[PDB]
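Those protein sequences? They're chains R and P, same order as listed. Counting from 1, one number per residue, gives the positions in the first sequence under my numbering. Counting from 1, one number per residue, gives the positions in the second sequence under my numbering. To start, the structure itself, in structure tokens.
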Amino acid sequence: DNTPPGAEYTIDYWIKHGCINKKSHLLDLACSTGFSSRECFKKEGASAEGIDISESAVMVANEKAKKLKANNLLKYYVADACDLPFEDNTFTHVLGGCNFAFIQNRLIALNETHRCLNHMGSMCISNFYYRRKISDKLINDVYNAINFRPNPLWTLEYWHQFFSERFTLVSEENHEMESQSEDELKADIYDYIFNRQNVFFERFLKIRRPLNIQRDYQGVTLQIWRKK
Amino acid sequence: XXXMX
Ligand SMILES: [Cl-]
Numbered sequence: 001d002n003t004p005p006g007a008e009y010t011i012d013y014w015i016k017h018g019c020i021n022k023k024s025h026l027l028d029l030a031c032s033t034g035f036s037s038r039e040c041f042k043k044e045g046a047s048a049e050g051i052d053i054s055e056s057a058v059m060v061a062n063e064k065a066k067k068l069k070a071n072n073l074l075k076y077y078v079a080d081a082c083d084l085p086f087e088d089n090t091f092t093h094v095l096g097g098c099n100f101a102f103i104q105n106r107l108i109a110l111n112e113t114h115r116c117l118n119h120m121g122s123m124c125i126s127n128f129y130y131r132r133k134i135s136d137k138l139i140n141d142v143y144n145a146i147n148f149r150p151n152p153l154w155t156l157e158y159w160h161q162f163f164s165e166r167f168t169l170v171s172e173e174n175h176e177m178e179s180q181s182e183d184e185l186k187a188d189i190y191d192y193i194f195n196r197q198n199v200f201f202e203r204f205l206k207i208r209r210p211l212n213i214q215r216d217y218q219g220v221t222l223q224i225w226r227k228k
Numbered sequence: 001x002x003x004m005x
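Right, dumping it as structure tokens:
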């Protein structure tokens, strides 16, 4: 899929509250196949430079840009967020999405994005966060499931602390998530595997169960952060 | 994953 949490809704939110327009020049951070910037272009005509660690992904992003007749406005490169190949004051906006929860050195990365942003430039975020205290067992379960132990202290306050050193919170919209019933989950997994095997089903279920359970403690925050 | 309309 390669999209931010909320997909088009998130993009729309960013465009509205981030004030993205045709004059904007966006940094698509960890762009993958370039969905976010491409959507911003299609919707608003904004230009963009995207970076990702995956060469193939970048190539897909570029080809898709080409097919859209927009490769003069949308360009993608292989790079790490911790070391951006762009000059200071290059961008009016950074599309961060949920990527600060996954990139290797997120403060260094944050400082780089800060560097590359224009004066009064905006960071556009869509992060997962924990609204409730979650037991260690479930964290361990998720770690086991997908080899990526999340931090249960990644709350709103934590993110605010993280971003507020170099940025001003301009806008915030929080969406609380909730678990599916085993039946619904199984229905989705089944539907997907069989309409888009048993081994696959069992593996998928095994992996997704804890992720599903985790949702009752989580939320997604959409934020606009202004450079200060 | 998350639908928000
Ligand atoms: Cl860091």
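Quick reminder that beta carbons are idealized off the backbone N, C-alpha and C, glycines included.
Residue range of the alpha helix (DSSP H) that includes residue i
i: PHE163/R; result: 156-163
i: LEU73/R; result: Taken as a continuous stretch (DSSP letters only), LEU73/R belongs to no alpha helix (DSSP H), as it is neither H nor E.
i: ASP191/R; result: 182-195
i: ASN212/R; result: 198-214
i: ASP12/R; result: 8-18
Check: residue i C-beta below 8 angstroms from any heavy atom of ligand 1
i: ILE139/R; result: no
i: residue 234/R; result: Absent from the structure is residue 234/R, since the part of chain R shown begins at 1 and ends at 228.
Where the beta strand (DSSP E) through residue i begins and ends
i: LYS23/R; result: It is not in any beta strand (DSSP E) - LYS23/R carries neither H nor E in the DSSP assignment.
i: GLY219/R; result: 218-227
i: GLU172/R; result: 167-176
Contact belief for residue i with residue j at Cβ below 8 angstroms, rounded distance in angstroms
i: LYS227/R; j: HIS119/R; result: 7 angstroms
i: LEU222/R; j: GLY6/R; result: 7 angstroms
i: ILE207/R; j: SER179/R; result: About 15 angstroms separates the two Cβ atoms, so there is no contact after all.
Residue-level contact to chain A via CB, residue i, 9 angstroms cutoff
i: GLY6/R; result: This model lacks chain A altogether, as its protein chains are R and P.
For a minimum of 3 consecutive residues, which ranges assigned as the beta strand (DSSP E) are wholly contained in the stretch 83-162 of chain R?
91-97, 117-130
Whether or not the stretch 93-101 of chain R and the stretch 184-197 of chain R are in contact is what I'm after, with contact meaning three or more pairs of Cβ atoms, one per stretch, closer than 8 angstroms; do they touch?
no
Enumerated in chain order, which unbroken segments of the beta strand (DSSP E) with a length of 3 residues or greater are wholly contained in the stretch 21-67 of chain R?
25-29, 47-52
Count Cβ pairs between the stretch 117-135 of chain R and the stretch 195-203 of chain R that sit closer than 8 angstroms; are there 3 or more?
By the Cβ test, the stretch 117-135 of chain R is not in contact with the stretch 195-203 of chain R, since fewer than three Cβ pairs between them sit closer than 8 angstroms.
With a cut-off of 8 angstroms, do at least 3 Cβ pairs link the stretch 57-64 of chain R to the stretch 24-34 of chain R?
yes
Indicate whether the contact test is met: 3 or more Cβ pairs, each with one atom in the stretch 47-56 of chain R and one in the stretch 75-93 of chain R, closer than 8 angstroms.
yes
Indicate whether the contact test is met: 3 or more Cβ pairs, each with one atom in the stretch 3-20 of chain R and one in the stretch 80-88 of chain R, closer than 8 angstroms.
The stretch 3-20 of chain R, when compared against the stretch 80-88 of chain R, does not touch it at the 8 angstroms Cβ threshold.
Is it the case that the stretch 39-49 of chain R contacts the stretch 157-176 of chain R, given that we only count it when at least three CB pairs across the two stretches are under 8 angstroms?
no
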